[PDB]
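Structural description and commentary
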Amino acid sequence: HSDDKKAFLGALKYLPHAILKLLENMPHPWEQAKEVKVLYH
Amino acid sequence: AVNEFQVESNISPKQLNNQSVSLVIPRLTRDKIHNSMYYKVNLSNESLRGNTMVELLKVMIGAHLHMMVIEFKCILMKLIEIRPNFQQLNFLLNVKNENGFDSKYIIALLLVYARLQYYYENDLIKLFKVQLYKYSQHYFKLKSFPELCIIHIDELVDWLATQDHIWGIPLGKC
Amino acid sequence: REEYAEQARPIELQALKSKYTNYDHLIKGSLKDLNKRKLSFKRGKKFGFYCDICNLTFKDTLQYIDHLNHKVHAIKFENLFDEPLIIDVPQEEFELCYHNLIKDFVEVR
Amino acid sequence: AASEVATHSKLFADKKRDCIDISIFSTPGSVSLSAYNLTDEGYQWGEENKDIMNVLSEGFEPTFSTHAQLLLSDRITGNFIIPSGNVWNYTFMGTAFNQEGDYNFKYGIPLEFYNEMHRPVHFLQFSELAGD
Amino acid sequence: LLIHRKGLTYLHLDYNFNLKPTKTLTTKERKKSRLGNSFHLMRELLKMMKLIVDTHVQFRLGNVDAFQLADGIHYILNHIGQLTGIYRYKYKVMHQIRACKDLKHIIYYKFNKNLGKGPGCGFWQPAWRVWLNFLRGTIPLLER
Amino acid sequence: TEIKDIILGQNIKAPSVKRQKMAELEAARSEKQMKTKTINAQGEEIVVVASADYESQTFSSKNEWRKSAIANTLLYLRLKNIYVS
Ligand SMILES: [Zn+2]
């Protein structure tokens, strides 16, 4: 999908709730890499 | 532009790292080229009879020498947008040893081209790079303009692969 | 009068083709550079930039070339004769064509 | 002056030492005939100093132009020789003039400095003004 | 997508989300190119995303040691004011930023008391909690 | 004009040469309804542009062919008086 609007209605509708969760889950400096659950469109 | 429900920036077609071909070059410089005279005259569909790599080479080969390494930015950009075959890159690189005026300014053109293409067919690309290293050892001299600076192929190839930005276009690390 | 009411209700062309195809010669209509010339775009203004395909003349360069890059001018250019503008690479393209680029390049040089 | 002496020297360097010059001063209402000679030092100066050389002209100084003896008479008359092309003034023909080059010559009547034969470029520019 | 949907293609978004036009704008163009503070704000938050995720990328990438990573995040979250323009599009963020600087100073003291002064102060926790407590408030605003 | 001639003429009011040329510059081109080829620079661009109105002011006074060539006719007058020191 790198290179339909009706399907992007809700996806574009809530961007920032994803910014919240992601910025909330930041790997802490004592943790190399963090596996995380993801709900994607 | 396109009328309905979307506006497509430039052509932005095809392939080359899963997103788009024209994304390799910034919007500002890309629109400087697409708004430049040379691009609208000697290139694209009406000049090249649609996308044609060999006639695209007819333009650059057709161009003391007047062409200095604007025109280079443009011809490189159309090389990008057309995106010919890596095999054709191999031939165009290694053929025609019976004439010395053929690859003159084509060297750094086919070079910066593959420099923009991909970062790691893979082994063939690596052979292309090490061959470009051999030509960096070939001790060649050329002139370049934006000011005026003459630079040696050994300095521009090594300084280019080691350097982030080249003549305004950024590069990634292979 | 009746005819009026009804209306209300070669090789040189190939040379013209050879002109409007190669731009390097077409690029320059500016040979006058800075010069004073004494005398709805249709059938030419007797000045400006000449497009014979659609019979329009354009006072500026970006309009003359931009119109040429436009589809309609290409559609008319094709409807004149053929469709080369729309016209793979099975290696014979760069082998034979590229070899013709070296050969013709040496011929010109 | 320098532009004159250098030219004199270039013409007559090894050819004739005692040849003279007629410098005609011209202004509206009257003209004046100022004749001059040249010594052997001026030829050397012209040989060395051709292009520019304003300071060495200053040092050159009034010397050496010795005032030659010239007379003006109605008791004799004379004639002109002109080049075969009959264009002596190459002002606007810049490519055709050659400072050392051979030309055929003939007797005839010379033309005006600005005359139709000497100004051909103007006609192509004149008709080119309207164009076509 | 939203910019092209707006019908203007000449506003360029950097991959860092910095918005700059392609060419100079006429009086008519500027008015049409003006977008609400909502959009600019969302862009700024996506620039937070881009900055911190860039830092962690260059950590996973072999560029930088972990110390300069934690100093990286720290520098971001405290330096938001100079390094990002959220305060312009919503000024109530200054309460956050002013609070971020405050905790900032505190940490530096407790961190820099014996050792000295300079870069390398870690412990980005409190300013980061401040920012999460900013998002939880400003999310319904931008979603709406 | 007969009255103003017998008595005043408004102190014989004549707009001077200045006021004439400036009255020309002020006046609009009476009837609003040549072409010159020029090279012009758009934003970050160079474009050949056809121009209009008046660029046509030209000086070329004492120089080139015209003034000296016209001045050449008077040269027979320079030999009426001829003298040398
Ligand atoms: Zn046309």
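Regarding how it was determined, this PDB entry cites cryo-EM in its header, along with a resolution of 7.2 Å.

1. Quick look at the overall build of chain E
Across its full length, chain E carries seven helices and two strands. Going residue by residue from the N terminus, the α and β elements of chain E occur as α-β-β-α-α-α-α-α-α. For chain E, the C-alpha atoms occupy an extent of roughly 60 × 35 × 25 Å along the three principal directions. Burial statistics for chain E: of 144 residues in total, 43% are counted as buried. When contacts within chain E are restricted to residue pairs at least 6 apart in sequence, long-range pairs at least 24 apart make up 60% of them. Of the roughly 9,000 Å² that chain E leaves accessible, carbon and sulfur atoms contribute 57%. Taken together, the 25 basic and 8 acidic charged side chains of chain E have centroids lying 8 Å from each other.

2. Section: the overall build of chain D
Scanning chain D from terminus to terminus reveals four helices and four strands. When its C-alpha atoms are laid out on the principal axes, chain D stretches across 55 × 40 × 35 Å. Contacts spanning at least 24 positions in sequence make up 57% of the contacts within chain D whose residues lie at least 6 apart.

3. With respect to the coordination of the zinc ion
Residue and element names in this part refer to chain C. Here the zinc ion is held by the protein donor atoms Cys51 (SG), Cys54 (SG), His67 (NE2) and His73 (ND1), which lie 2.0 to 2.3 Å from it. If you look at the zinc ion, its four donor atoms make angles of 88 to 151 degrees with each other, and the shape they trace is irregular. In primary-sequence terms, the residues that donate to the zinc ion follow C-x2-C-x12-H-x5-H. Looking at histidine 73, the relative accessible area reads 5%, which means it is buried.

4. Observations concerning the interface of chain C and chain B
Taken residue by residue, the interface counts 24 residues in chain C and 24 residues in chain B. Elements that contribute at least two residues to the side of chain C that touches chain B include exactly α3 (23–26), α4 (61–69) and α6 (92–108) of chain C. With eight residues, the single largest contributor to the side of chain C that touches chain B is α6 of chain C. Looking at side-chain class alone, the side of chain C that touches chain B contains 16 nonpolar, five polar and three charged residues.

5. Things to note about the sheet that holds strand β1 (residues 35–40) of chain F
On the basis of which strands lie adjacent, the open sheet formed by three strands has the order β1(C)-β1(F)-β2(F) and antiparallel pairing. Each of the sheet's edge strands pairs with one partner strand only, and the pair in question is β1 (35–37) of chain C together with β2 (47–51) of chain F. Geometrically, the sheet is characterised by an average inter-axis angle of 30 degrees between neighbouring strands, direction not taken into account. Alignment of β1 of chain F against β2 of chain F, held across five bridges, turns out to be antiparallel.

6. Here's the deal with the nonpolar core
Of all hydrophobic cores here, the largest spans 49 residues; its most connected members are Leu56, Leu76 and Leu109 of chain B. Those elements that place two or more of their residues in this core are α2 (37–42), α4 (53–62), α5 (71–82), α6 (86–94), α7 (106–117) and α9 (153–162) of chain B together with α6 of chain C. Element by element, the count of residues in this core is highest for α7 of chain B, at nine residues. When residues no more than four places from it in sequence are discounted, the contact partners of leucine 56 of chain B are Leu43, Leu48, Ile75, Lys78, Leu79 and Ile82 of chain B. In terms of nonpolar packing, the next biggest core, distinct from the first, is built from 33 residues, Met48, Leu51, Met94 and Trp131 of chain E among them.

7. Looking at the packing of α6 of chain B against helix α8 (residues 122–136) of chain B
Residues and elements named next belong to chain B. Running from amino to carboxyl end, α6 crosses α8 at an angle of 25 degrees, the nearest separation of the two axes being 11 Å. With respect to their mutual orientation, α6 and α8 come out roughly parallel. Along this stretch, α6 crosses α8, giving a crossing that reads as left-handed. For the pair formed by α6 and α8, the contact residues are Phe86, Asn90, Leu93 and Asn94 on the first element and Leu124, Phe128, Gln131 and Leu132 on the second. Classifying every residue of the contact of α6 with α8 gives five nonpolar, three polar and no charged.

8. Points about a nonpolar patch on the surface
Taken together, the side chains of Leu22 of chain A together with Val53, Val57 and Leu61 of chain E present a nonpolar region at the surface, about 300 Å² in accessible area. Topologically, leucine 22 of chain A is positioned in helix α2 (residues 16–24).

9. Quick look at the arrangement of the chains
Once contacts are tallied for each of the eight pairs of chains in contact, the highest total is for chains B and C. When C-alpha atoms are compared, chain D and chain E, though not in contact, are closest at a spacing of 38 Å. Over all C-alpha pairs, chain E and chain F never come within contact, reaching a minimum spacing of 8 Å.

10. Re the sheet that holds strand β2 (residues 30–36) of chain D
Sheet architecture is open: three strands sit in the order β1(D)-β2(D)-β3(F), paired in mixed fashion. Every other strand in the sheet has two partners, leaving β1 (21–27) of chain D together with β3 (81–82) of chain F as the edge strands with one partner each. As paired strands, β2 of chain D and β3 of chain F are joined by two bridges and run parallel to one another. The residue of β3 of chain F that forms the bridge with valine 31 of chain D is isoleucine 82 of chain F.

11. What to know about the environment of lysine 37 of chain F
Considering the arrangement of structural elements, one finds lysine 37 of chain F in strand β1. Beyond its immediate chain neighbours, meaning those up to four positions away, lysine 37 of chain F contacts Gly29, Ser30, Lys32, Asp33, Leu34, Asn35, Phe47 and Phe49 of chain C together with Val48 and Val49 of chain F.

12. Looking at the side chain of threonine 61 of chain C
By secondary structure assignment, the location of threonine 61 of chain C is in helix α4. Given a relative accessible area of 8%, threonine 61 of chain C falls into the buried group. Separated by 2.8 Å, the side chain of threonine 61 of chain C and the backbone oxygen of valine 48 of chain F make a polar contact.

13. Considerations on the packing of helix α1 (residues 27–34) of chain B against α5 of chain B
All names here are of chain B. Put simply, α1 and α5 touch, their axes get as near as 10 Å, and they point 105 degrees apart. Classified by the interaxial angle, the pair formed by α1 and α5 is roughly perpendicular. For the pair formed by α1 and α5, the contact residues are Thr29, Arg30, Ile33 and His34 on the first element and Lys73, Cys74, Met77 and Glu81 on the second. Of the residues contributing to the contact of α1 with α5, the split by class is three nonpolar, two polar and three charged.

14. With respect to the side chain of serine 9 of chain B
Examined against the element boundaries, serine 9 of chain B turns out to sit in the segment before α1. By relative accessible area, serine 9 of chain B is classed as buried at 14%. Of the polar contacts made by the side chain of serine 9 of chain B, one reaches the side chain of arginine 27 of chain B; its length is 3.3 Å. Apart from the residues lying within four places of it in its own chain, the contact partners of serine 9 of chain B are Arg27 and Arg30 of chain B together with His4 and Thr9 of chain E.

Rules used throughout
Residues numbered from 1 in each chain as written, not as in the entry; some residues may be left out. Chains lettered and ligands numbered in written order. Part of a larger assembly, values for the part shown. Heavy atoms only, no water. Residues with missing side-chain atoms left out of burial classes, pairs and counts. Helix = DSSP H or I, 4+ residues; strand = E, 2+ residues; numbered from the N terminus. Buried < 20%, exposed > 50% of the residue type's maximum accessible area, 1.4 Å probe, protein only. Contact = heavy atoms within 4.5 Å. Areas by Shrake-Rupley, 256 points an atom, 1.4 Å probe, with all protein chains shown as cover. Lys, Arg positive; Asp, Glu negative; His and termini not counted. Charge placed at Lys NZ, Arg CZ, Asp CG, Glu CD. Donors = N, O, S within 2.8 Å, 3.2 Å for Na, K, Ca; no water. Tetrahedral: all angles 85-135°; square planar, octahedral: opposite > 155°, others 65-115°. Nonpolar A, V, L, I, M, F, W, Y, C, P; charged D, E, K, R; others polar. Pairing = 2+ DSSP bridges. Axes fitted to C-alpha atoms, helices over the stretch in contact; angles between N-to-C directions. Core = buried A, V, L, I, M, F, W, Y, C linked by side-chain atoms within 4.5 Å. Parallel < 35°, antiparallel > 145°, perpendicular 65-115°, else oblique. Left-handed = near helix turned anticlockwise from the far one by under 90°. Patch = residues over 30% accessible without salt bridge, like charges linked within 9 Å, V, L, I, M, F, W, Y side chains within 5 Å. Salt bridge = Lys/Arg side-chain N within 4 Å of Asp/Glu carboxyl O. Polar contact = N/O pair within 3.5 Å; in protein donor to acceptor, adjacent residues only side chain to side chain.

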